[PDB]
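A closer look at the structure
Here is how the chains run, residue by residue.
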Amino acid sequence: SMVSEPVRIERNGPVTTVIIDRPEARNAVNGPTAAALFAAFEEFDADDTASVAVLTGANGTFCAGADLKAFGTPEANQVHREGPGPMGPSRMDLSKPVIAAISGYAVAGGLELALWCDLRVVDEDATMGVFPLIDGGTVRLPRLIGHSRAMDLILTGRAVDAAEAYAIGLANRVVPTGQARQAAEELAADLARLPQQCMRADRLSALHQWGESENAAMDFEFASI
Amino acid sequence: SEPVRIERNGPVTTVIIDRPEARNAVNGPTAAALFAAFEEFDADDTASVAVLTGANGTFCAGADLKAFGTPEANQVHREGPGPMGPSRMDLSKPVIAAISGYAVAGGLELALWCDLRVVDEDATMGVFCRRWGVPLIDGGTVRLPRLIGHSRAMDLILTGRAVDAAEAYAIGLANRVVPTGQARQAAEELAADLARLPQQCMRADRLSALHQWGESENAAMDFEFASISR
Amino acid sequence: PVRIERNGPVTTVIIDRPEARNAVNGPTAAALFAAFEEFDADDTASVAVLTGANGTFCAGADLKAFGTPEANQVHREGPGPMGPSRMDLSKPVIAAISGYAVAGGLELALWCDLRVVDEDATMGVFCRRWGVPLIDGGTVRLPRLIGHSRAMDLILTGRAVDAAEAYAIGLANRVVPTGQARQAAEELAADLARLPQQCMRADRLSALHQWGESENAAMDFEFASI
Ligand code: NA
C-alpha cells in the first residue's frame, strides 16, 4: 500500500478539487495537513490552466478544526505571525475563486476554512459553528453575514444547521446529503465557462473594497478597465 | 420620447428612462441626461425625494452595448460622471428605485446606487454583464457587499444569476415588493411619505449612515455626532 | 431610575422610569454610564443584561426634560447622550427587550452585542417623526448589524419593526414569549458566562475591531488573540 496523503488534489479541466482526507482524525488539520493545503492552493493560484477550486473533506465530513491531539508533537499546527495561517491557506488572497463543499461538520478552524472560500455549498444535514479564532473567523464572519448574526455565532459557539445557514446567507446553496462535492464541482465548472478576466476582476474589487471609503473603492473598481 | 423624462409632483421628482427599442439601456446621451436630472434635483431646494424608474415595463438593461464604437457610446473616464450617468454621485437627498421588468448589469448598479428599491413581483435583478464579459464599473462591486453582505454579494457577482422578487426581498436587496405594474406608484407614495418628515434630520441621518462605511467605530461615531450641528 | 441586580457573573442593568416609559434623561444616562463602568471594571462580572422595567425597554431620550437641569447631556467628549452608547466594553451585554425600543432606546439595543426580544415588542427609529437626530450610534451600527439596504429603510422611514420581522432580518437574535425577554437574556448570559472567558472575549473584540479595517490589518489584530 501507498503512504497516506492527508490532502488529495483532483483536476477536471479548469476545476481543481482539494480534498482533506484524514478518516481517523475526522479531517482535522494538523501541521503537515495545513502545509499541504497551502501548497495545493499555491499551485492552484499559479496554474493558468486552473480557473476555479473546490475545497472539500472526504469521509462524509468537512473539517473538525485544528488537530488538538497533535499539540506538543512534531505534527502540531504551526502558529506564527508570518507565513501561512495555522489551518494552512487561511491568510491567502487568491487571484481566483474557491467553493467550499461541506458535508458533516465544519467547525472551529474548519468553519474558518469555509469562510475563507468565496462560496459555500452545504449538505442538508451539515453543521457549522464556532464550538481562539486565528484563521480569520472574527474578520470574515461579520463581513459575510452582518455583525449581529456574526456576534451570535462567535459568542455562543452554537451549531448552525443547513436551513439556518441558508436563511442567514452563510450557506449559498443547500443540496441533498452526500452531494455537496458534486454540486460544488458543477458550480465551479459553470463559473469556469464564463468570461474569466471580467469575473476575476469583479471578485477582486468586491474583496478589496472592505475597509475602504466609497470614493477609494470606486477608484479601485474602475481599474477593472 | 427624449431618453430621460422628469416629472414632478410637489417635492417628489420622478426621473424616467424611456428608450423602448433599447429596453431602457443607457448610452452616452442617456447617461448625460440622467446625470443632469440628478444634478438639478440635488440643487433644487423645492425637491425632497427622487424616484428613478424606467418606462415600457422595464427598468434598465444596462449600458448600451450596441452603441460601443459610435458617437453615442457610454463615456468611460476615471474623472466626472460614471458610465451609467449618476452612479458616482453622492446626493444630499434620497432616491428610490422603482423597478419593473429587468434591472440588470449597469441597470442593477443604478438600483444599488439608490437608497431604497421598490420592486414589482415579476421583476428580475442580476449581474447579467457576467455572461457578456463587461465589468462592473458603476459601483456594483462596492455597493452590493455593503447592501446585502459579502456572502450573497459574491454569489450574485460571480454567477451573474437572476434574482426574482421573492429572493430579492428575502435577502434585503428589494426593500418593498408590490404587484406587477405598481412599482412606480408605490415608490412615489413612499417618496411622499419621506418628504412629509422633518427633512434636515432625516438627511443628516442618511448621510451619516452612508459616510460610516469604511470607517472605524470611533471615527464614524464622531461624524454622526456632527448631525447635532445640522 | 437605574437599578442593578447581580446573579453570580451576570449583571442586570434595569431602566426604571414608569411615568416616562423608561425614557432616558441626564441623570438616567449618567446612572447607566456608571453601571456599565462598574461592570467593565468588575472581574467577577462576566456578562451584562440591559433591560427596562414596567413592560417596556426604552422610549428614547427624555424630550420633556429639554431645557431643564435633568436634560440629556449632549457633548462631543465623554458619555453619549443616552449614557453608555459610546463605550467600548471589554465584555458582552445582551439587550432584553419588552414593549418599545425606539429612537435612542433602539440605539441602546444596537449598542448591545445581542438582542433578545418579546414576541410583542416593537423596534424603530421613531425619532424620525419627531425630527431628533440619531447621535448614539444608530447610523453607525445599524448598517453594520443588518446591512445597508435594510438599515436605510428603517433609518429613512422611521417605521415600526415587530419581533418576527426583527428576527427575519437579523436585528433580533432571539424571540421569546411576552414577558420573558429578561429571563431568557439572563439564561443566555449565564450560558455565555460558563464558556472559556478569555477566548470568547478576545474573539468578540476582534470581530468588533475589524470594522473599517482592511483584511490584512484585521487579520493582524486577530492574530494578537493568541
Ligand atoms: Na478604513
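Cut-offs and rules
Residues numbered from 1 in each chain as written, not as in the entry; some residues may be left out. Chains lettered and ligands numbered in written order. Heavy atoms only, no water. Residues with missing side-chain atoms left out of burial classes, pairs and counts. Helix = DSSP H or I, 4+ residues; strand = E, 2+ residues; numbered from the N terminus. Rg over C-alpha atoms; globule rule 2.2 N^0.38 Å. Donors = N, O, S within 2.8 Å, 3.2 Å for Na, K, Ca; no water. Buried < 20%, exposed > 50% of the residue type's maximum accessible area, 1.4 Å probe, protein only. Core = buried A, V, L, I, M, F, W, Y, C linked by side-chain atoms within 4.5 Å. Contact = heavy atoms within 4.5 Å. Arc of directions from axis to C-beta. Domains from an automatic or database assignment. Buried area = accessible area lost by both parts, 1.4 Å probe. Axes fitted to C-alpha atoms, helices over the stretch in contact; angles between N-to-C directions. Parallel < 35°, antiparallel > 145°, perpendicular 65-115°, else oblique. Left-handed = near helix turned anticlockwise from the far one by under 90°. Nonpolar A, V, L, I, M, F, W, Y, C, P; charged D, E, K, R; others polar. Polar contact = N/O pair within 3.5 Å; in protein donor to acceptor, adjacent residues only side chain to side chain. Salt bridge = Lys/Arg side-chain N within 4 Å of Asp/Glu carboxyl O. Pairing = 2+ DSSP bridges. 1 Å grid on protein atoms, 1.4 Å probe; cavity = no way out; pocket = protein on both sides within 12 Å on 5 of 7 lines; lining within 4 Å. Points joined across faces, edges and corners; volume = space filled by probe spheres on them.

The next thing to look at is the overall build of chain A. Secondary structure assignment for chain A yields 8 helices and 9 strands. For 225 residues, the compact-globule formula gives about 17 Å, and the C-alpha radius of gyration of chain A, at 17 Å, lands near that figure. If you line up chain A on its principal axes, its C-alpha atoms span 50 × 40 × 40 Å.

Moving on to the coordination of the sodium ion. Surrounding the sodium ion are the protein donor atoms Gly211 of chain A (O), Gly214 of chain B (O) and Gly212 of chain C (O), at 2.2 to 2.3 Å. Taken together, the positions of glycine 211 of chain A in the loop between helix 7 (196-208) and helix 8 (214-222) and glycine 214 of chain B in the loop between helix 8 (199-211) and helix 9 (217-225) put the pair across two chains. For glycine 211 of chain A, a relative accessible area of 25% corresponds to the partly exposed category.

To continue, consider the nonpolar core. Counting residues in hydrophobic clusters, the biggest one holds 66 residues, and the most contacted among them are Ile99 of chain A together with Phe38 and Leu52 of chain B. If we ignore the near neighbours within four places in the chain, the residues touching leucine 52 of chain B are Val15, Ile17, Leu34, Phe38, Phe59, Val95, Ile96, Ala97, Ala98, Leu110, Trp113 and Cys114 of chain B. Judged by nonpolar contacts, the second largest core, of 65 residues, contains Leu116 and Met202 of chain B together with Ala95 and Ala121 of chain C.

The next subject is helix 9 of chain B. Residues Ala220, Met221, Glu224 and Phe225 of chain B constitute the buried set of helix 9 of chain B. Seen along its axis, helix 9 of chain B keeps its buried residues to an arc of 140°; they face one direction. Along helix 9 of chain B, exposed side chains directed more than 90 degrees from the buried face belong to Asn218 and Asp222 of chain B. At its buried positions, helix 9 of chain B is contacted by helix 8 of chain B together with helix 2 (104-111) and helix 4 (138-146) of chain C.

As a further point, take the domain arrangement of chain B. All names here are of chain B. Domain assignment breaks chain B into domain 1 (1-197) and domain 2 (198-230). One C-alpha centre belongs to domain 1, the other to domain 2, and the line joining them spans 24 Å. Taken together, the contact pairs 12 residues of domain 1 with 8 residues of domain 2. For the domain 1 and domain 2 pair, buried surface summed over both sides reaches about 880 Å², with 53% attributable to carbon and sulfur atoms.

Angle between the axes and distance between the axes are the two parameters that describe a pair of packed helices. All names here are of chain B. Viewed as axis vectors pointing N to C, helix 4 (residues 140-148) and helix 5 (residues 150-159) meet at an angle of 140°, and their least axial separation amounts to 7 Å. If you check the angle between helix 4 and helix 5, you find them oblique. Here helix 4 runs over helix 5; the crossing is right-handed. Residue-level contacts link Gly140, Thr141, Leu144, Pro145 and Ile148 of helix 4 to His150, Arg152, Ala153, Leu156 and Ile157 of helix 5. The class makeup of the residues in the contact of helix 4 with helix 5 is 6 nonpolar, 3 polar and 1 charged.

Below, the discussion takes up the side chain of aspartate 64 of chain B. Residue and element names in this part refer to chain B. The residue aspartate 64 is located in the loop between strand 3 (49-54) and strand 4 (95-99) in this model. Separated by 2.8 Å, the side chains of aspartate 64 and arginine 19 make a polar contact. Once residues lying within four places of it in the same chain are set aside, the contact partners of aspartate 64 are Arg19, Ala22, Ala25, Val26, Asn27 and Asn74.

Once that is clear, we can look at the packing of helix 7 of chain A against helix 8 of chain A. Residues and elements named next belong to chain A. Direction vectors running N to C along helix 7 and helix 8 enclose 165°, while the axes themselves pass 9 Å from each other. As the angle between them shows, helix 7 and helix 8 are arranged roughly antiparallel. By crossing handedness, the relation of helix 7 to helix 8 is classed as right-handed. In this structure, helix 7 contributes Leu204, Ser205 and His208 to the contact, and helix 8 contributes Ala217, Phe220 and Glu221. A per-class count over the contact of helix 7 with helix 8 returns 3 nonpolar, 2 polar and 1 charged.

On to the pattern of salt bridges. Pairs can form between side chains of opposite charge once their charged atoms are near each other. All names here are of chain B. Considering all chains together, one arrives at 38 salt bridges over all chains under this definition. Residues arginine 5 and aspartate 18 are paired through a salt bridge, measuring 2.9 Å at the closest nitrogen-oxygen approach. With a gap of 13 residues between them, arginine 5 in strand 1 (residues 4-9) and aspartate 18 in the loop between strand 2 (12-17) and helix 1 (28-43) connect regions that are remote in the sequence. Note on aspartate 18: relative accessible area 8%, which makes it buried. The structure contains a network of salt bridges with shared partners spanning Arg5, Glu7, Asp18, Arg184 and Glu188.

Another point: the sheet that holds strand 5 (residues 105-107) of chain A. Residues and elements named next belong to chain A. Pairing in this open sheet of 3 strands is mixed, and the strands run 5-7-8 from one edge to the other. Strand pairing shows two members of the sheet lacking a second neighbour, strand 5 and strand 8 (159-161), which therefore form its edges. Averaged over neighbouring strand pairs, the angle between their axes works out to 20° when direction is ignored. As paired strands, strand 5 and strand 7 (residues 127-129) are joined by 3 bridges and run parallel to one another. From the neighbouring strand, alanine 106 faces strand 7, where its bridge partner is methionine 128. With respect to the sheet, helix 2 (residues 109-116) is in contact with strand 5 and strand 7, its orientation differing from that of strand 5 by roughly 95°.

Looking now at empty space enclosed by the protein. For the largest cavity, the calculated volume is near 240 Å³. The wall of the largest cavity is formed by 30 residues, among which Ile145 and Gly146 of chain A, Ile148 of chain B together with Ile146 and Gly147 of chain C lie closest to the centre. Put simply, the parts of the chain that give the lining of the largest cavity at least two residues each are helix 3 (137-145) and helix 4 (147-156) of chain A, helix 4 and helix 5 of chain B together with helix 4 and helix 5 (148-157) of chain C. Taken together, the residues that form the lining of the largest cavity break down as 15 nonpolar, 9 polar and 6 charged. Looking at the second largest cavity, its volume works out to about 90 Å³. What lines the second largest cavity is a set of 15 residues, among which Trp210 and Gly211 of chain A, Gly214 of chain B together with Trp211 and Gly212 of chain C lie closest to the centre. Of the residues contributing to the lining of the second largest cavity, the split by class is 3 nonpolar, 6 polar and 6 charged.

Take the sheet that holds strand 5 (residues 102-104) of chain B next. Residue and element names in this part refer to chain B. The sheet built from 3 strands is open, its strands ordered 5-7-8 with mixed pairing. The two strands at the open ends of the sheet, each matched to only one other strand, are strand 5 and strand 8 (163-164). As judged from the 3 bridges shared by strand 5 and strand 7 (residues 124-126), these two strands associate in the parallel manner. Bridging across to strand 7, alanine 103 finds its partner in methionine 125. Against the sheet, helix 2 (residues 106-113) makes contact with strand 5 and strand 7, and its axis sits at roughly 90° relative to strand 5, the strand it touches most.

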